[PDB]
Amino acid sequence: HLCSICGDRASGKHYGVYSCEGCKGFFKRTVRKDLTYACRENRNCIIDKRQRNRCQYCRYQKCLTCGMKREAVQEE
Amino acid sequence: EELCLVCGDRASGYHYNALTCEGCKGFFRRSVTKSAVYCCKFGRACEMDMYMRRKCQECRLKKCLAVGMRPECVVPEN
DNA sequence: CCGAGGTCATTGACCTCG
DNA sequence: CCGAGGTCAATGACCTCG
Ligand SMILES: [Zn+2]
Ligand SMILES: [Zn+2]
Ligand SMILES: [Zn+2]
Ligand SMILES: [Zn+2]
């Protein structure tokens, strides 16, 4: 299967949606330490298996729009 | 933008004699200082991009070299 | 200014467990 | 296998010299 967020190879559904280790890892950390990001452009940055790390804001948002739901993330 | 000769990310300058990005600059520097030897777990012909660069250290180091990054300029004696 | 030589927070491949 | 949690070597953005 494929990560619905970046197109990288997925290996399960994590937090509700077919996602890759990276996107899952990223989503988890974002919630766990409750981080807020800011896009240096607009809010339509590419975010794929190659550029996903160019904008934390757009990556997270895309996590949200793809179905990744919080609540599925426990803590410490 | 400019382009890293290795992965196509944005180059930040010439590093060890080749136009490359911060990622490749650091990957090259670490690999050389430790004299690391990698083994491609794929077909030994990986094409580099921002995704593949993290996936194959051997093919990335070879590309680094092919593009002109100079190992001998990595922390030389003085 | 550039670029050599780090520093260190984030990334994501690899594990364990129920 | 699935999918929660966890780990930590590698990675790369940012920083300080020469
Ligand atoms: Zn992903
Ligand atoms: Zn953005
Ligand atoms: Zn590069
Ligand atoms: Zn390879």
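Keep in mind that the numbers below use all heavy atoms, side chains included, and drop hydrogens, waters and symmetry copies. Every chain is numbered from 1, with letters handed out A, B, ... down the list of sequences.
- Less than 4.0 Å separates DNA chain C from no heavy atom of any residue of residues 42-50 of chain A.
- Screening residues 38-64 of chain A for salt bridge (charged side-chain N to carboxylate O under 4.0 Å, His left out) gives A/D8-A/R52, A/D48-A/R50, A/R54-B/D9 as the qualifying pairs, with residues at least two apart or on separate chains.
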**OP:** Assign a letter to each nucleotide of nucleotides 8-15 of chain D from its 5' end: B, base within under 4.0 Å of a protein heavy atom; S, sugar-phosphate only; -, no contact.
**Re:** --SBBBBB
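- Rounded to whole Å, atom P of D/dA4 lies 8 Å from atom NE2 of A/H14.
- Distance A/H1 NE2 to D/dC1 P: 13 Å, rounded to the nearest Å.
- A continuous path of ILVMFWY side-chain contacts below 4.5 Å connects B/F42 to B/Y51, so both sit in one hydrophobic cluster.
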Subject >> Nucleotide-level pairing of DNA chain C, given in dot-bracket where Watson-Crick and G-U pairs need both distances under 3.5 Å and | marks other strands >> reply: .|||||||||||||||||
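- B/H15 has its NE2 atom 11 Å from the P atom of C/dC2, to the nearest Å.
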Pairs under 3.5 angstrom, nitrogen or oxygen only, protein versus nucleotides 16-18 of chain C, please.
none

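- Residue A/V31 is tested with A/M68, A/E71, A/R70 for a side chain to side chain contact (heavy atoms under 4.5 Å, CB included); the sole match is A/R70.
- At least one donor-acceptor pair under 3.5 Å links the side chain of A/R32 to the backbone N or O of A/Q74.
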Compile the donor-acceptor pairs under 3.5 Å between side chains in residues 17-26 of chain A and protein atoms, sequence neighbours left out, one pair per line.
unit_1	atom_1	unit_2	atom_2	d
A/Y18	OH	A/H1	ND1	3.4
A/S19	OG	A/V17	O	3.1

